[PDB]
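Working notes, structure below.
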Amino acid sequence: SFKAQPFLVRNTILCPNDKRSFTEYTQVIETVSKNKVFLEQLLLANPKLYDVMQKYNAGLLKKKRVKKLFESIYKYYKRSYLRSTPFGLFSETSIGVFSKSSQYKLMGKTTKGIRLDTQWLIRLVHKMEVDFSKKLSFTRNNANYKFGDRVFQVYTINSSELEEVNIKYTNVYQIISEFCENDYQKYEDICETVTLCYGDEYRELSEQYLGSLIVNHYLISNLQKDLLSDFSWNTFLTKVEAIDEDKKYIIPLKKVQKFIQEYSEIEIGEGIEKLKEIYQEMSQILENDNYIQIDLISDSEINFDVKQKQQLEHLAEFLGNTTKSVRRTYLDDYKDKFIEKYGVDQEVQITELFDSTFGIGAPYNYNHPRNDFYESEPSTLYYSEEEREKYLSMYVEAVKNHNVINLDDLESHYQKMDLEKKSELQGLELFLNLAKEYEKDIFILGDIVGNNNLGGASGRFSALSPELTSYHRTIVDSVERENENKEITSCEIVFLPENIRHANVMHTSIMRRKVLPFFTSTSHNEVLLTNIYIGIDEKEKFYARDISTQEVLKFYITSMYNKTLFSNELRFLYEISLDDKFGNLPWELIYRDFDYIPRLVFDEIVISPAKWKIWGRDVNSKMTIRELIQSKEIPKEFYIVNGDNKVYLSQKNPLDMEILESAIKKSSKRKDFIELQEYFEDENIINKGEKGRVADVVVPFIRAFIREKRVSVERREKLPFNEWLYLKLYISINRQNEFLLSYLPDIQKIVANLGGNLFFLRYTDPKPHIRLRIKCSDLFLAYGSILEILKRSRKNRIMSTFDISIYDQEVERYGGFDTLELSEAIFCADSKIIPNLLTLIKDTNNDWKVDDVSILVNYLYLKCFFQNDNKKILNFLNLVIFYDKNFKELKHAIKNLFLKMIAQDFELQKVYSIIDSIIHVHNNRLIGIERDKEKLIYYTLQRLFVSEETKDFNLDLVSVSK
Amino acid sequence: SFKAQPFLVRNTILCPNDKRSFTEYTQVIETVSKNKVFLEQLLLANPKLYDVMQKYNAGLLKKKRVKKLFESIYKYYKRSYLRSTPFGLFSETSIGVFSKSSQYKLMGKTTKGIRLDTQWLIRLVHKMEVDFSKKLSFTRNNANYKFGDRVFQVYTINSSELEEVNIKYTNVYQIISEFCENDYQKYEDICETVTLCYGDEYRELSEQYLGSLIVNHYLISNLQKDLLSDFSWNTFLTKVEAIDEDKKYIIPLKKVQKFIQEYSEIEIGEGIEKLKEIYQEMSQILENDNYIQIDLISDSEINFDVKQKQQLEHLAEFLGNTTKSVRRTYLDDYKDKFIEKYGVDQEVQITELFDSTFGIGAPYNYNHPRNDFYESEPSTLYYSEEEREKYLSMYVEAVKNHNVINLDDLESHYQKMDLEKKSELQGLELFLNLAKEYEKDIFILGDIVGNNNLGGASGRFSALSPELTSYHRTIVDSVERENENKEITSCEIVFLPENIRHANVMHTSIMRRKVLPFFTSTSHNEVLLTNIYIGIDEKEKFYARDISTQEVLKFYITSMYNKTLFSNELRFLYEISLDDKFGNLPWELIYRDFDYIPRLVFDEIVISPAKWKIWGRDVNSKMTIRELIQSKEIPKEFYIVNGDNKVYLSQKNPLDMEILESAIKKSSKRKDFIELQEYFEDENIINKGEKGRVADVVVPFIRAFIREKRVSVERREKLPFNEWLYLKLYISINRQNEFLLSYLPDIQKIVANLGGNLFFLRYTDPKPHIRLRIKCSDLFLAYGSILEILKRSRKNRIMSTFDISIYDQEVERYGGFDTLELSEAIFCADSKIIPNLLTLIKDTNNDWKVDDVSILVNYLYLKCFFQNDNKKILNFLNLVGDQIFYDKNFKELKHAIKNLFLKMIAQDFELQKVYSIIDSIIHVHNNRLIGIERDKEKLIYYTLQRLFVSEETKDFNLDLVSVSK
């Protein structure tokens with residue numbers, strides 16, 4: 001069911017057959033200093049470490065910082081021959097395909113894919129902005145959003161890393177931001193727009209107010225347009241020309257462009273001096289740690305079998321199926337918190353949603369920022385207990401027998417299980433290293449494993465050649481077409497990363513219909529952040545909508561950027577645009593604490609290499625570091641895993657055993673461990689000049705749309721002693737009935753005397769309590785009269801405390817405010833009669849029971865609503881009178897609502913939803929917290945009908961920490 | 001540090017050398033039905049099963065209960081030869097001692113320790129109550145307690161169901177119970193007491209209400225006095241005489257006593273016919289599933305080495321030391337919930353404490369009421385992350401190498417740890433089986449392992465012989481002497497178990513100064529439940545106090561009754577009287593989920609045998625149960641462990657393999673597992689007639705209480721719009737200051753004009769909010785006026801919602817209500833000045849930051865309290881610019897600080913109370929001025945030291961209700 005696409009092949013430039021072992025560090029520096037390819041590789045990747053090695057080979061590098069130079073150069077040597085991961089001059093990227101026969105020779109030719117350093121370039125533009133503000137034009141930053149009397153940003157940039165800044169919302173800010181919304185405006189024009197409405201005596205205030213907006217990036221200049229996204233040398237230069245009077249930047253910049261173009265055509269290794277020039281010009285313009293990005297691409301075309309294509313598709317099936325056991329996630333708990341605050345009939349503006357005071361904050365696992373209210377970790381189920389038992393069992397088995405762990409043992413388990421079988425998972429990208437064992441070619445999953453972000457790995461390389469652009473577009477096309485059918489608008493989120501040294505990773509080509517910019521600007525169609533609303537669909541899944549066009553959105557970060565470094569809102573928009581199930585393989589979660597893990601395999605694929613944990617506390621004194629790793633049986637060759645980089649180490653190499661001793665005592669300082677993996681021969685499969693290359697691959701594998709805008713607090717919240725009085729009476733479940741029987745009647749009478757009405761509700765959340773809501777002329781007079789009764793209920797220990805709370809009306813849920821009022825009329829009339837049914841159920845001398853009264857009043861409800869019908873009643877019933885008493889009141893109120901519903905052409909769908917509620921809140925009053933027995937009373941009721949058929953220039957700037 | 005006492009020896013009566021193998025079940029049933037000793041053993045231990053076996057080999061047993069009868073009888077056969085655990089006619093108890101040499105021959109003679117069946121006896125006595133009421137006298141059940149308009153019992157018994165029952169609190173119940181509260185009262189006199197203030201026309205109602213009180217066990221009769229606890233045949237018999245005119249009960253009971261007394265002198269095996277008499281006699285009186293308890297005791301005297309005394313004491317040190325790593329428990333979390341509700345200056349009545357509506361519920365782990373409000377599992381540290389890493393490491397090491405796990409690897413670690421602390425742990429009882437491996441004598445800990453309950457194992461056997469009574473009293477003597485030193489009054493909790501079929505286990509003989517009775521009564525001095533109040537030490541530790549005598553109490557259940565089957569309140573009283581640390585060995589917790597655990601060892605003691613988990617789900621096709629236990633390398637002999645019973649099995653025995661196959665498919669359908677353990681040869685160490693006995697042993701090893709009774713809800717809670725108006729204003733932390741700057745002043749001005757006062761406070765949990773408290777004449781006018789300001793703060797999105805809540809005054813913390821009022825005056829004056837300090841800090845032109853203003857106000861508070869006397873101020877501190885002093889509201893503050901100080905001096909507050917109050921008052925100023933993240937606060941004290949150093953009719957109702965538990 002998973003179909004493997006053509007794939008990226010990444011392989012190293014040097015060949016590991018030319019690697020040589022070293023025994024002395026000084027010895028390394030010389031072989032390296034005579035290695036032409038290596039020296040250019042280092043000058044490009046890491047200019048500052050490069051200059052330090054020059055300072056070495058010219059006598060005076062201060063001899064305290066010599067070892068660090070050593071350790072670094074050795075690791076860079078290792079990284080240059082081993083380790084296939086794409087990065088400037090070290091290794092190259094190419095397209096692979098499937099055919100009827102394998103092909104591993106690289107016949108094609110190598111290109112340089114050159115980019116400015118994004119951190120350099122951004123720093124430059126900010127230099128120019130400060131110089132030429134009055135000659136530029138500025139637009140509004142989409143990151144801005146008004147909240148109350150303040151103007152926030154989703155995140156802050158110009159900071160020195162600690163502070164988040166917000167300003168006050170003033171007339172001046174309004175004029176300026178409205179004037180620059182979806183528009184650029186020369187500095188001068190902005191200034192006048194405010195003076196043409198304030199006076200010319202205020203020109204000076206304007207110039208600095210505007211000055212402040214540009215400094216704290218509430219306004220971005222025309223220079224930042226397409227700077228990151230679809231950068232052009234020519235449009236960049238044109239823009240700079242017009243503003244650069246003294247030719248201070250334009251002349252040096254063209255030399256840089258010229259040299260880069262010259263550098264482009266040079267071979268790899270015989271280009272060090274041309275590169276030296278390139279830094280020199282750029283260094284003079286502005287120093288940065290790095291100046292140039294390079295992505296090596298290539299003409300080659302590696303081929304895989306048909307046995308290989310199935311083998312990979314088999315693995316994609318298996319990995320996908322394990323998700324079937326993800327029952328409950330952090331987003332699910334988030335979804336639940338959403339449903340309790342907002343109804344199920346509300347779309348909420350996303351900045352409001354994520355506010356921890358006016359909304360509900362973020363998911364438990366989110367960190368930017370983490371919630372500041374207290375919360376305990378939500379229950380999450382990522383695999384079943386039965387499954388966890390099998391996994392631990394397979395583990396102790398494999399350890400005891402000194403064997404591999406065979407994951408395929410559970411393949412049937414995952415395929416035969418489907419339950420609700422929707423196939424939520426839409427596609428994968430796996431990351432596989434190529435290697436050998438016992439002279440046989442094998443796949444090895446990286447620690448990376450992969451993810452469900454199609455296009456993720458290719459997005460960076462897409463713009464480097466039309467064959468790549470074509471490749472990207474095809475991978476992306478799966479999701480894009482499935483979006484076309486469901487009439488969903490896609491958006492790339494395009495942003496200036498908070499941490500500016502992460503800028504080079506943001507990069508990708510926009511393949512989506514629109515764009516969400518942050519601290520930047522593009523030519524694509526852009527969504528405003530404050531137009532984004534979040535709702536929940538009929539099957540209870542999050543969705544985003546642009547309220548201004550009513551379109552539905554899915555958002556994309558089509559890159560290898562860490563998806564957890566985003567502000568909460570951005571992370572959310574991403575995550576609801578995928579399936580929430582891939583990410584937590586069971587074996588990773590279950591085996592993580594063990595200090596030895598067997599190799600994990602699946603159908604001859606190595607799922608994970610064997611892993612070791614080595615602890616500081618174990619090197620002892622009569623137990624050497626070498627003797628220790630032999631005691632735990634680490635092989636001659638192995639990796640140490642720092643993060644997402646591993647370094648090759650050999651037990652037989654003296655330098656390497658040093659590296660190990662260094663690593664083990666830095667973790668020692670921290671009461672920590674160090675991670676080892678076993679090694680695979682990975683040097684002789686992909687070849688070029690009859691020499692092997694280290695290689696990895698990345699294989700991609702492939703209705704009531706209503707919903708009301710959330711109504712404002714001012715219209716929806718009914719404050720104490722306005723129209724309503726709302727009390728939370730804390731009463732234990734065992735005693736609520738007695739309160740309703742023997743206390744409520746008195747209360748109802750008091751409120752009757754004042755010609756008002758009341759309805760109540762039963763709740764469990766916080767602690768058990770009854771929610772009283774009273775509508776009446778003199779509310780405070782009513783409170784005082786109630787209070788005596790409450791005092792008695794406290795005295796008898798029926799009720800502990802109470803609160804007087806704001807009544808938050810469920811407007812959206814019950815139609816308009818109009819339909820709401822009549823619903824409330826039903827609530828009261830229903831409340832009015834409940835003590836009577838309860839008296840009645842309680843009575844022994846005859847009848848009834850509870851569940852009879854339940855079934856009977858739902859029926860009375862349905863008859864009333866649908867006018868003694870049955871075809872109307874049954875069609876409603878398939879998705880889910882005679883006694884006088886006070887039912888005259890209830891029937892009457894049900895009547896008025898049915899009439900007003902019909903009077904305003906409520907759709908059938910709206911009417912059912914509203915009706916279900918009225919029945920639901922009745923069930924709440926009559927009997928307790930009811931769950932799915934709601935649908936059983938509905939299920940039971942089918943049968944019965946079946947059988948019948950001036951200082952606003954202030955900018956009060958504030959900063960917070962973290 | 002642990003010194004081993006004389007120990008209990010428990011050994012089997014039969015000898016395992018005379019055990020025999022069987023091949024088919026019918027072969028067992030026949031061998032058994034002609035085995036003299038087994039039949040008397042069976043007739044005593046399990047009467048209904050005996051009759052099922054009789055019904056079987058006489059044709060009459062329905063052929064579905066045949067399999068059950070078969071397995072059951074096999075296991076009881078195994079259990080009579082194997083299994084040293086003490087229990088009627090199967091095995092016997094004796095005292096063991098240490099000397100200079102081992103001695104394993106049992107020389108003594110075996111005696112019967114016979115007791116009636118407690119379920120039999122109590123059920124009988126309950127009938128007599130219903131029959132002979134008017135001829136009896138009654139006392140109040142201590143389990144009773146008033147709460148509001150109801151009368152509950154901490155648990156219910158007359159439940160022959162799963163229901164808990166409570167009645168209405170009526171004037172009649174009050175009269176009857178206060179009358180019967182401290183002693184017994186003739187049926188007649190209770191009745192008069194009711195009619196003498198209701199009328200003689202109510203006599204008929206009195207008789208009925210009183211009855212229903214007895215029916216539902218709200219009252220105990222004089223029959224129950226010492227019934228369970230210190231039962232005497234004659235004091236019991238005499239009482240029955242006085243009420244039984246028709247001699248319907250007395251004549252058979254005397255027969256029962258005579259038959260039992262005759263049974264006593266009979267040997268083991270030769271009594272089947274005498275027992276049958278006892279059953280027939282007692283069954284005619286009252287049928288029950290069991291009739292007779294027997295605890296076999298013996299004068300024998302097994303001896304252990306001096307190497308053995310070290311070996312055990314070494315093990316006790318090690319086990320005890322591991323508790324050193326228990327940092328935080330479920331009781332530690334509860335202690336914290338206590339302090340959040342009540343603070344530290346309150347003693348709370350235990351029934352209120354445990355109420356989930358009016359109190360704080362129970363500890364997280366309690367289940368007799370598990371809490372009904374939602375709660376997430378508390379953080380607990382029973383071992384460190386480093387320790388856990390070590391155990392896992394040792395686990396993977398041992399499995400990979402097919403070795404034992406040597407707990408010795410960490411003896412050095414636990415021993416050298418935390419030498420500066422005294423260990424709360426005052427003693428252990430360890431439970432050890434005796435066995436061999438490679439012909440060498442070894443100790444093996446039970447899975448039970450043991451506990452920190454001294455006297456637990458001996459309490460049951462205590463009354464059976466003067467040598468036993470002496471032995472028990474000696475173990476208990478440690479605890480009891482130390483209780484005397486600390487001036488602590490001890491209580492045994494004496495109770496009829498909720499599950500009336502557990503009746504026989506409650507039994508222990510009373511060694512403590514008082515007794516806390518439930519559904520029974522004794523002759524000792526008794527504590528009332530509703531007199532027990534709970535407080536906290538200066539050292540943050542729970543204690544119990546009898547409010548009527550001001551005594552401090554520690555509580556004891558000196559038996560083997562499962563300490564988790566108690567009502568919460570009872571469980572709590574038990575557990576706070578011990579260390580909260582022993583019970584969770586780290587390896588037990590950490591290895592718990594592995595479906596193979598290696599043998600755990602320590603100094604030649606086997607701490608735990610190797611354990612296996614075998615699953616139903618794994619017997620499918622080509623995989624037979626025998627093939628399965630072979631693949632997991634189950635040894636030839638092994639135990640299957642159901643619960644507190646293990647059954648012996650051998651792979652070479654066909655029947656044993658049948659038992660197993662049955663065990664696994666009963667687990668299959670429920671999709672769970674079965675537990676196996678390795679076997680140790682254990683039959684020929686302790687001997688009698690030159691034949692071995694299966695044996696285990698159980699070895700025991702060895703200030704200002706102020707605090708106010710909690711002020712009542714009615715007296716402490718100030719309802720909305722009476723004297724006070726209280727708003728919870730929900731405002732984010734980042735913007736609270738701003739609110740205090742540009743909104744509170746307007747509010748303060750509103751309430752000012754109405755001639756009242758307000759004080760505020762910052763809180764963080766639930767969600768951040770400011771607690772506003774206003775005192776004023778016309779509160780509802782003040783609300784409406786304020787309300788506009790608040791709506792303006794909503795608009796600006798500074799405040800989201802607010803609540804109007806009940807103000808729970810902190811009386812105890814701030815002295816009486818008198819000193820409270822005066823503190824409140826300070827709270828308000830202090831609140832008045834915070835907007836200026838905040839402006840003054842917000843002002844750039846100052847150069848006064850937050851921490852400068854802080855110390856200056858902290859300094860000024862102290863100059864006030866101790867009237868500029870720098871030397872007193874320093875003494876206070878040693879247990880832990882001008883524009884402000886001239887500021888109009890700081891003068892108000894100074895006055896208020898003075899007025900409190902006067903009343904404090906006037907009421908002879910102990911010096912420490914005063915220090916404490918000041919500290920609180922200073923703490924809440926800090927709260928108002930700056931946030932609430934703390935202890936960088938007591939840093940304010942340290943620096944402030946520097947500044948002062950450097951200045952040198954229908955209420956007969958019984959409205960009975962039932963709940964569903």
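Here, A, B, ... name the chains of the structure tokens in the order displayed, residue numbers run from 1 inside each chain, and ligands are numbered from 1 in the same displayed order.
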Check your understanding: Could you pull out the alpha helix (DSSP H) residues of stretch 661-903 of chain A from DSSP and send them as an MDAnalysis selection string?
Key -> chainID A and resid 661:668 713:716 733:742 744:753 779:795 817:842 850:865 871:877 887:903
Review point. Quick one: residues within 9 Å of stretch 57-64 of chain B, only C-alpha atoms counted, chain neighbours fewer than 3 positions away excluded, as a PyMOL selection string?
Key: chain B and resi 29-30+33+52-54+67-68
Take the residues just selected and output them with C-alpha atoms as a compact mmCIF listing (two decimals), in the first residue's frame.
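Result went into result.txt, see below:
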# COMPACT_ATOMS: atom_id res chain seq x y z
CA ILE B 29 -8.93 -39.26 46.12
CA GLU B 30 -8.72 -42.90 47.08
CA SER B 33 -10.11 -41.09 51.84
CA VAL B 52 -17.67 -32.09 48.64
CA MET B 53 -15.19 -34.93 48.72
CA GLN B 54 -17.64 -37.02 50.72
CA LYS B 67 -12.39 -31.00 38.31
CA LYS B 68 -12.42 -28.34 41.00
**Study point:** Who sits within 8 Å of residue A:835, only C-alpha atoms, same chain under 2 positions skipped, as a ChimeraX atom specification
**Key:** /A:740-741,744-745,831-833,837-839
Point to revise | chain B residues near chain A (6 Å cut-off, only C-alpha atoms) as a VMD selection string | key: chain B and resid 148 to 149 358 373 399 to 400 767 796 to 797 800 803 to 805
Exercise for review: May I have the residues within 9 Å of residue B:87 as a list in words, using only C-alpha atoms and disregarding those fewer than 2 positions away in the same chain?
Suggested key: residues 45, 84, 85, 89, 90, 91, 92, 293, 294, 295 and 296 of chain B
With N, CA and C atoms kept, could you save the residues just selected as an mmCIF file, in the first residue's frame?
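Writing done, so here's again-v7.cif:
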data_model
loop_
_atom_site.group_PDB
_atom_site.id
_atom_site.type_symbol
_atom_site.label_atom_id
_atom_site.label_comp_id
_atom_site.auth_asym_id
_atom_site.auth_seq_id
_atom_site.Cartn_x
_atom_site.Cartn_y
_atom_site.Cartn_z
ATOM 1 N N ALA B 45 -9.749 -27.686 58.641
ATOM 2 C CA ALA B 45 -9.353 -26.548 57.820
ATOM 3 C C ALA B 45 -10.456 -26.103 56.864
ATOM 4 N N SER B 84 5.192 -24.694 55.463
ATOM 5 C CA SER B 84 5.382 -24.586 56.906
ATOM 6 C C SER B 84 4.492 -23.521 57.540
ATOM 7 N N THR B 85 3.753 -22.782 56.722
ATOM 8 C CA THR B 85 2.977 -21.660 57.232
ATOM 9 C C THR B 85 1.986 -22.165 58.236
ATOM 10 N N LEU B 89 -3.835 -27.708 62.601
ATOM 11 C CA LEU B 89 -3.500 -29.139 62.389
ATOM 12 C C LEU B 89 -2.519 -29.433 61.226
ATOM 13 N N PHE B 90 -2.248 -28.436 60.393
ATOM 14 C CA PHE B 90 -1.295 -28.617 59.305
ATOM 15 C C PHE B 90 0.125 -28.406 59.821
ATOM 16 N N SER B 91 0.269 -27.435 60.714
ATOM 17 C CA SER B 91 1.584 -27.037 61.181
ATOM 18 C C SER B 91 1.550 -26.353 62.549
ATOM 19 N N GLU B 92 2.741 -26.202 63.123
ATOM 20 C CA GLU B 92 2.885 -25.805 64.516
ATOM 21 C C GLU B 92 3.952 -24.721 64.709
ATOM 22 N N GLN B 293 -11.244 -22.647 65.229
ATOM 23 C CA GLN B 293 -9.875 -22.275 64.879
ATOM 24 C C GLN B 293 -8.889 -23.113 65.670
ATOM 25 N N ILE B 294 -7.790 -23.506 65.047
ATOM 26 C CA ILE B 294 -6.728 -24.156 65.812
ATOM 27 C C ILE B 294 -5.309 -23.609 65.499
ATOM 28 N N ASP B 295 -4.603 -23.210 66.541
ATOM 29 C CA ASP B 295 -3.225 -22.794 66.398
ATOM 30 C C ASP B 295 -2.356 -23.758 67.193
ATOM 31 N N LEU B 296 -1.709 -24.697 66.507
ATOM 32 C CA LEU B 296 -0.812 -25.646 67.165
ATOM 33 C C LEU B 296 0.482 -25.000 67.684
#
